[PDB]
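What follows is a short report on a single structure.
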Amino acid sequence: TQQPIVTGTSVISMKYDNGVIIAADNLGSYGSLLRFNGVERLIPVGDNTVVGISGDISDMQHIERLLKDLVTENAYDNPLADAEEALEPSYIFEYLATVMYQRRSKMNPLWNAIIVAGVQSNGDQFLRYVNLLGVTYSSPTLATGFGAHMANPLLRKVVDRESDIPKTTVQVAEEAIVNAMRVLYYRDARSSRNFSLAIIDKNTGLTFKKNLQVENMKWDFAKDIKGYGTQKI
Amino acid sequence: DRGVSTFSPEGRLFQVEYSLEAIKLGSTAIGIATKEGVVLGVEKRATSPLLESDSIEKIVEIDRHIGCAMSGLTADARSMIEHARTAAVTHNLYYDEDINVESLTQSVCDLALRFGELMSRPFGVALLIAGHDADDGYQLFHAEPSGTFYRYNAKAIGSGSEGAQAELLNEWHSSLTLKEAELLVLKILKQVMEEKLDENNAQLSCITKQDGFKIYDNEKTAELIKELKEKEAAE
Amino acid sequence: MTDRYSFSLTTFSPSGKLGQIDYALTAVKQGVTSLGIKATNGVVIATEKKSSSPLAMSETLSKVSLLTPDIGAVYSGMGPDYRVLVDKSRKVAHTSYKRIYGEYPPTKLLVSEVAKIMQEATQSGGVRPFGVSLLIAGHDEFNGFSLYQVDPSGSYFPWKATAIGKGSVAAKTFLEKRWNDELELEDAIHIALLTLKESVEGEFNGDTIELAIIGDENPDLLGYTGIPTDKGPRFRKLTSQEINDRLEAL
Amino acid sequence: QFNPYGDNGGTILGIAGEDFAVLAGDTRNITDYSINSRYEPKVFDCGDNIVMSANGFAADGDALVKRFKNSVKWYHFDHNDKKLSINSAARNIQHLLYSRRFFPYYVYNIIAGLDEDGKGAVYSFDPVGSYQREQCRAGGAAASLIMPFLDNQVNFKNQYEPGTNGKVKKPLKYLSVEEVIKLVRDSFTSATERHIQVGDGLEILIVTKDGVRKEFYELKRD
Amino acid sequence: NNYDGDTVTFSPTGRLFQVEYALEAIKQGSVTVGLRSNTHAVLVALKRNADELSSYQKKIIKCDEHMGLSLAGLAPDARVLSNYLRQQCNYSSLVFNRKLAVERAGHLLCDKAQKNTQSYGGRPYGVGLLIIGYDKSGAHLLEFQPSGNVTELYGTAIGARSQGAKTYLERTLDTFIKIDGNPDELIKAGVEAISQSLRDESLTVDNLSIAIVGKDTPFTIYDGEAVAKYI
Amino acid sequence: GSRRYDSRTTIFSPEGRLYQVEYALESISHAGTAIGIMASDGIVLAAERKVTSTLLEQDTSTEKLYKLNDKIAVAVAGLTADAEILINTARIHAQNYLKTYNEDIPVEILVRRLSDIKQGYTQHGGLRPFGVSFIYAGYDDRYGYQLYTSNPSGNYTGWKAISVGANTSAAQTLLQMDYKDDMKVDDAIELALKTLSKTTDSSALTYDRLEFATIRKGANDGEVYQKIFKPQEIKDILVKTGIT
Amino acid sequence: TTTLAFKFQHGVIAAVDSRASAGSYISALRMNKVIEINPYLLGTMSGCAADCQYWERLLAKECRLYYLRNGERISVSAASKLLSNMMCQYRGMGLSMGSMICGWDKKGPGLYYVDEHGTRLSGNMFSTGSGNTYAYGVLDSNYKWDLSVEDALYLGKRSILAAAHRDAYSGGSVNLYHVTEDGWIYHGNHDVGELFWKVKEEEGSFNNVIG
Amino acid sequence: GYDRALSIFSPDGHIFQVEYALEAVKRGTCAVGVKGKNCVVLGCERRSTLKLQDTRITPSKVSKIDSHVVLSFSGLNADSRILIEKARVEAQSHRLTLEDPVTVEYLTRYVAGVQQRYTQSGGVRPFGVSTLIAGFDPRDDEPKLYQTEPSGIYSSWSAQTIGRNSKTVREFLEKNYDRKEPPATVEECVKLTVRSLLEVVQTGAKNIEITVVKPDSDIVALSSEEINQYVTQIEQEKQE
Ligand SMILES: [Mg+2]
């Protein structure tokens with residue numbers, strides 16, 4: 001049993017017609033202190049999977065190394081490591097999900113909430129969640145922490161059920177994700193303006209976007225707000 | 001000296017081959033499987049007339065639906081029987097059902113090759136495991152110290168085995184009754200035994216679906232011996 | 001891996017002999033002569049510093065070793081076996097005695113502990129016996145001065161005087177003629193030097209002879225003052241000069 | 001302090017017919033006041049004509065089901081591809097559960113299938129291993145809302161025959177699969193109205209001698 | 003001679019006699035044949051009985067839905083190794099939601115057998131295995147020797163008189179590899195192959211054992227009247 | 001591997017004997033003779049030190065007679081180092097018993113314990129046995145004065161008089177000749193020394209070649225005293241009995 | 001819960017209720033609180049049903065293995081002890097079990113109470129559960145050794161009814177068992193609701209309740 | 001740990017270590033067991049090569065395992081103590097877990113199992129001991145007599161002997177012991193046991209030990225004089 005120290009907030013994601021999108025801000029908070037501003041919390045595994053992690057950063061760095069070791073180990077005595085026997089999103093997820101549940105069963109968890117996003121060999125979209133308890137679930141939209149409360153409602157307006165996925169384009173999905181990140185910046189006290197976004201498409205592959213910023217913000221209406229009730233000046 | 005788990009140049013384990021020689025010195029045990037039941041019979045072979053022969057226990061119950069006869073170093077069989085009885089009852093605990101005769105036999109045979117430098128040597132005893140289950144009906148198995156088990160329609164083990172097996176080769180057919188099998192075991196036992204066969208130096212048993220495994224009374228066997236004598240004198 | 005020699009390497013032969021112990025005693029016989037003489041007010045132990053090469057610094061090789069402040073040891077036989085026994089003897093004096101009773105063990109009990117270690121190498125699995133005989137000299141309050149021999153078997157005997165190794169038979173005869181129960185420490189040292197000269201071929205001086213004594217308390221060697229009851233070690237190794245001084249009166 | 005347990009909500013329902021059996025459960029997965037998924041299957045086909053649902057803490061439920069499916073696989077290997085009877089599966093699960101008596105699988109489990117005489121069967125478990133065969137059993141969040149209804153409409157409890165005035169009970173006539181499914185749907189529709197953790201969708205698995213069949217129905221998404 | 007007392011001893015020419023003696027046990031064992039096309043992989047095994055009252059010793063063992071093997075030599079050793087494969091196949095499924103590659107299964111068997119050849123006290127395995135399987139890279143056939151050597155092949159045979167079947171497959175190589183989408187014809191080629199190793203005895207209904215795995219075919223064993231079709 | 005070098009210390013001969021036990025007994029037959037004689041009013045322990053030297057410090061020396069507790073003592077024949085291992089174990093056992101029951105350990109119970117330890121080395125472990133034979137002299141309030149012997153096999157027996165070590169055949173005959181049941185300690189002392197004097201391989205029996213002990217109720221009133229004889233006291237008893 | 005068992009002239013009676021609760025919510029109307037260890041042995045259930053089921057089914061294993069080894073049926077005294085000894089291993093770990101072991105052996109009919117504490121008492125009459133006090137009252141005032149099988153069965157049945165009525169956590173149905181030297185005999189499941197009204201009328205009892 | 005396989009099969013299918021353990025039993029002093037109608041008698045030879053022995057304290061040949069069961073043996077004395085200790089511990093363990101004392105058959109089965117275990121465990125040698133185990137089951141008046149041997153086999157006997165010259169005394173028992181009418185009294189049973197030992201013993205003085213075990217934990221060892229009276233009466237009838 002522990003307590004998280006350096007933490008990473010919401011990770012948000014959704015499925016669209018040809019793939020998945022996932023995003024997460026570049027902040028490593030130390031309680032209320034916004035300590036580290038250059039933290040990458042989206043970690044690609046090969047060219048078909050991106051693992052987004054929230055929660056304890058030291059545990060995230062540990063998981064990051066497990067995945068890096070997983071890639072090395074898969075290549076061992078494997079002539080088809082860059083082909084038919086390459087790592088799949090479903091393999092990577094199940095491995096993590098096994099680890100998370102085992103760690104909680106020893107009462108020494110990895111204090112994280114993880115979303116594995118990717119595209120399978122057959123072109124199917126993969127999006128599944130797992131956390132420190134070893135709890136798993138899948139949905140057209142997935143988000144951790146605050147994203148679960150604020151982002152999902154917005155993303156579910158685009159893809160409310162499974163049948164909406166083919167109707168949703170990458171431009172619409174990316175737009176919804178980018179809007180959600182802005183909303184989280186407005187309303188999550190432990191968020192940052194800077195974030196990373198990754199798209200895994202079954203045709204165009206993995207597109208990893210770094211150094212993104214929340215833009216087109218509305219603040220001007222603040223000038224008119226005065227006092228807390230009766231004050232006019 | 002040499003390893004206990006050593007292979008010979010011919011590709012056989014020395015210790016397993018040697019334990020087979022010990023089984024050849026054991027008293028005769030015969031099993032005959034029929035569609036009405038499986039019969040198990042043994043030569044008691046008391047070393048002295050003062051030895052109370054009913055204390056010689058070479059036929060043993062494993063479960064209500066499985067019996068077992070032994071030949072060779074019979075002291076080695078006790079831990080095998082204990083394991084068999086535990087396996088049978090444990091499976092009933094886990095699965096609320098009788099265990100398959102083959103599965104029971106396989107569980108016993110798993111112990112066989114667990115020797116090296125685990126126990127220090129193979130078992131010096133062969134087992135005839137007879138039983139009944141719903142899936143494969145009446146079954147007779149021969150469990151060896153090699154870890155191999157063959158299913159048999161009829162099988163003899165011990166000192167008079169090759170002579171008895173040749174006799175079982177001729178006598179067995181797929182339409183044998185239980186009564187016919189009983190007399191057949193008695194006949195072949197009487198043939199290969201040194202001393203004259205009677206109810207005190209030979210024992211019968213059987214396994215049926217209805218009544219399960221039963222060791223025969225000396226009074227019951229004595230009547231079957233008298234029935235045998237008369238039918239052999241009949242021609 | 002794993003030490004798979006869990007069986008005895010020393011075993012009784014049909015004649016009742018323990019071969020490996022006998023052979024260990026043979027190795028001791030080949031070893032350089034060492035001796036011990038007990039006086040009324042002290043004990044002396046001595047041996048030859050048989051230098052393997054003139055380029056070797058024989059001062060760095062200590063055949064006579066301090067075990068406790070009041071106990072010293074010397075050997076004949078295999079040097080490396082002796083060195084590790086001294087390490088164990090020093091430690092056992094602390095672990096099985098000083099850390100319990102707050103004082104150093106008496107000679108006979110430290111000898112008993114060393115003997116036990118040597119006995120175990122004679123019976124335990126996958127080891128040979130130690131190829132040394134030890135002469136342990138010491139002093140304690142209630143037993144006074146004492147001298148013990150310890151053999152590869154683990155057997156130990158108290159001596160008035162004795163010798164072990166190369167010329168032990170001749171040396172023991174020499175000691176029998178010279179020893180009495182009224183010897184002073186200086187007389188014992190003189191007899192030790194005389195006895196030791198017979199077994200030495202080449203150079204015979206302070207640089208080729210190693211000699212120590214168990215005698216009076218040495219407060220100058222204690223290293224501190226202020227505690228009356230602490231009066232300093234009784235063990236003292238004689239210097240090269242101190243030996244040569246007594247070789248002129250030889 | 002770390003709490004190894006959690007509550008993913010959900011409600012399940014098993015009913016045993018005369019020659020069939022159903023195991024139903026909602027498809028909603030939740031934590032606290034949030035929805036994780038509107039469709040996260042909870043009832044599984046484990047093989048050998050057995051269906052299973054471990055309701056409660058999803059992680060322990062997924063682990064138990066995973067283990068049982070594995071126990072079926074090894075039963076085949078070890079016992080010459082023999083079919084695992086529903087009663088044998090039940091006893092096996094007891095031992096899977098009790099292996100964690102001192103750190104339980106926080107789930108209330110139900111399995112359904114057919115007995116060795118071809119009749120419908122449902123077995124109900126508690127988190128620590130006790131089990132027993134039943135005719136009707138609702139488990140999970142809204143179990144307390146559903147079970148009284150089933151006592152009334154399945155076993156005809158408190159129902160007497162008109163004219164006799166409590167002297168003659170309503171006879172226990174067997175129900176058809178279509179009749180049972182109606183009671184299941186109405187059970188979950190009612191539960192969805194008054195229980196916040198119940199909703200989104202209903203998945204039912206029907207077990208007959210012909211095999212396992214699935215039926216899905218929408219539920220309110222609020 | 004003086005160097006065959008245990009597995010831990012090289013001979014002066016660099017041989018390991020205990021391993022060679024274990025190899026000999028395979029030669030005494032009953033013949034079994036393996037072969038594959040691009041869609042299916044087939045095992046064919048000649049089972050051996052003790053006498054006329056006895057059953058015919060089973061030769062083929064299922065390891066997973068997509069993998070299994072046939073044995074020749076000490077049957078209990080095959081049970082140990084097949085149990086290990088079952089566990090490894092199962093570990094891959096449970097942890098990685100991934101079917102175990104046949105090539106990787108061969109690597110695992112090689113390493114398990116190797117440990118028994120370099121350590122004191124143990125003995126080499128006294129059995130040879132022919133592993134067939136269908137994974138993400140199609141059909142596969144492996145030959146396992148208890149020396150540790152595992153080899154991927156189009157076809158092969160092990161056991162007594164296996165050389166006859168092996169020569170046949172070497173001639174038929176170009177034909178049977180092309181038998182795609184036709185399980186019955188691939189089995190025929192295997193039954194014809196194993197027939198080149200028979201003397202005095204012929205293939206009867208309780209003598210013959212066949213297994214198959216392929217694209218849309220789980221590993222299934224055929225015994226009894228199920229193989230009468232191919233006799 | 002290692003098997004090659006294994007002597008196999010714990011195996012039967014074709015005749016059903018334990019090789020190492022038999023060879024250990026052969027070793028013990030060359031050890032100095034030890035004798036125990038039980039009388040109505042006490043026990044005597046007498047033992048011969050092996051070919052000693054004039055430079056050996058006898059008054060501080062102990063190779064034959066050892067004290068296990070205040071009521072029980074042993075005479076040793078064989079490897080002294082082996083004996084001391086067993087002796088220290090026996091001393092601990094006596095104290096364990098005293099701590100547990102708050103009563104002095106009965107003689108047989110101690111003897112059985114040591115004999116069981118010896119037995120273990122002959123049946124398991126693959127180690128050589130202890131090349132030691134003990135004579136136990138002791139007293140308790142159940143059986144009074146008791147003599148026992150144990151050998152490397154782990155077999156023990158009770159005795160009125162007994163010898164171990166060298167020339168036991170000759171010694172046992174002499175004891176069997178002159179021993180009587182109504183004998184007293186002072187008579188037993190004389191018998192023991194006379195027997196050693198006749199069986200010894202040395203030219204003459206002297207004080208410096210002997211260890212001697214008595215267990216007497218010759219302690220003031222109902223209690224038992226152990227007396228390990230000093231060199232001068234052994235010299236006096238030799239003159240008293242008329243040997244020197 | 002309510003369970004009782006008593007010894008009498010012609011064997012031992014064993015009676016139990018059938019209710020199970022999760023707080024105020026009744027989780028089970030029909031729960032078997034008797035364990036059929038074997039044809040000659042019965043075990044009641046009190047506390048954790050899991051622990052009762054597991055350990056008593058494990059006892060059955062041991063009792064069967066006993067018979068196979070010794071070729072003789074195990075005694076009630078020995079069986080009860082094996083069970084108490086299992087409890088003593090998990091002493092302090094949190095098991096919850098209260099069971100009467102009922103049977104017939106050489107010494108005649110036998111009855112032993114065993115709990116998670118390891119305790120093991122012999123006796124002619126026992127009752128456990130939240131409603132045992134109500135049951136004891138009926139038992140103590142009507143129990144004789146000279147009882148007939150018919151009257152004894154009714155007594156155990158009536159004693160559970162008394163508890164089922166007053167105790168909130170007891171009820172559902174009554175399960176009866178009669179243990180003879182030829183084995184145990186099940187005497188059915190009796191709905192309390194139906195039994196109450198029936199007994200009220202025939203017996204005249206429960207006057208305060210309106211029917 | 002020392003794991004060496006000492007008990008192993010030879011080419012002819014013999015375990016020599018187990019067979020050599022029987023040779024140790026052949027060397028041991030003769031022990032005999034005879035069961036009457038309402039008793040069992042255990043006779044034991046004491047070799048008279050050892051005089052000056054203290055018979056009060058010397059380990060007796062017959063040992064009580066419980067108040068109702070006894071054990072005598074032939075072979076290595078030190079080995080027998082280990083079996084006796086184990087048996088005594090098991091006897092109390094049985095009373096503690098099952099609440100009944102052991103049956104004679106159960107106790108025999110346990111001791112025989114220990115002996116067997118030592119014939120196929122690594123690093124150990126077989127017990128050089130054969131035992132005679134006698135007594136009466138709790139609340140039973142039927143006499144019980146069993147025999148065990150190093151291999152671990154055991155069996156029930158009307159009368160049996162083990163140890164040196166056991167071939168001779170078995171010869172005597174086989175012609176003198178009638179199964180249809182066993183020694184009806186304690187006298188007849190003891191007389192037959194002493195007679196059987198007199199075929200082998202040498203002098204009938206302190207060389208013969210007799211222990212009578214009767215039902216309900218009634219066990220007594222006969223003294224020298226009591227046995228001497230049997231020895232006297234036997235030879236006086238023989239002078240004819
Ligand atoms: Mg709702």
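Protein chains in written order, with the deposited numbering: chain a, 1 to 233; chain R, 1 to 117, 125 to 242; chain O, 1 to 250; chain Z, 1 to 222; chain S, 3 to 233; chain P, 1 to 244; chain Y, 1 to 211; chain Q, 1 to 240. The beta carbon of each residue, even a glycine, is placed where N, CA and C say it ideally should be.
- Taking the beta carbon of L6 (chain Q) as reference, the chain P residues within 8 angstroms of it are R8, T10 and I11, listed in sequence order.
- Leaving aside the five residues that flank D82 (chain P) on each side, the residues in its chain whose CB is nearer than 7 angstroms to its CB run, in chain order, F130, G131 and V132.
- Counting only unbroken stretches of 4 or more residues, no alpha helix (DSSP H) element lies wholly within the region 105-155 of chain Q.
- Burial is judged here by how many other beta carbons sit within 10 angstroms of a residue's own beta carbon; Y148 (chain P) has at least 16 and is buried.
- If you draw a 10 Å sphere on the C-beta of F142 (chain O), you find fewer than 16 other C-beta atoms in it, and that means exposed.
- CA-to-CA, the gap between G61 (chain Z) and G139 (chain Z) works out to about 13 angstroms.
- Its chain contains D137 as the residues whose beta carbon lies nearer than 7 angstroms to that of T103 (chain Q), once the 5 sequence neighbours on both sides are disregarded; these appear in chain order.
- Judged by the Cβ position, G199 (chain Z) qualifies as a neighbour of ligand 1 at the 6 angstroms threshold, a heavy atom of the ligand being closer than this.
- Against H79 (chain Z), the close residues of chain R are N100 and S103, in the order they occur along the chain (beta-carbon pairs closer than 7 angstroms).
- Below the 7 angstroms Cβ cutoff, chain O contributes no neighbours of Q95 (chain P), its closest Cβ being approximately 16 angstroms away.
- For the pair of segments examined, the region 155-167 of chain a was found not to touch the region 48-61 of chain Z: the number of CB pairs separated by less than 8 angstroms stays below three.
- Listed in chain order, the alpha helix (DSSP H) elements of length 4 or more contained wholly in the region 33-111 of chain P are 80-101.
- Under the three-state reduction of DSSP output, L133 (chain a) falls in the coil class, being neither helix nor strand.
- Of the other Cβ atoms in all chains shown, fewer than 16 fall within 10 Å of the Cβ of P49 (chain R); this residue is therefore exposed.
- For the 7 angstroms CB-CB criterion, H124 (chain P) and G123 (chain Q) form a contact.
- Distance between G10 (chain Z) and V43 (chain Z), taken at the CA atoms: about 11 angstroms.
- Separation of the CB atoms of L27 (chain a) and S192 (chain a) is rounded to 4 angstroms, and the pair is thereby assigned contact status at 8 angstroms.
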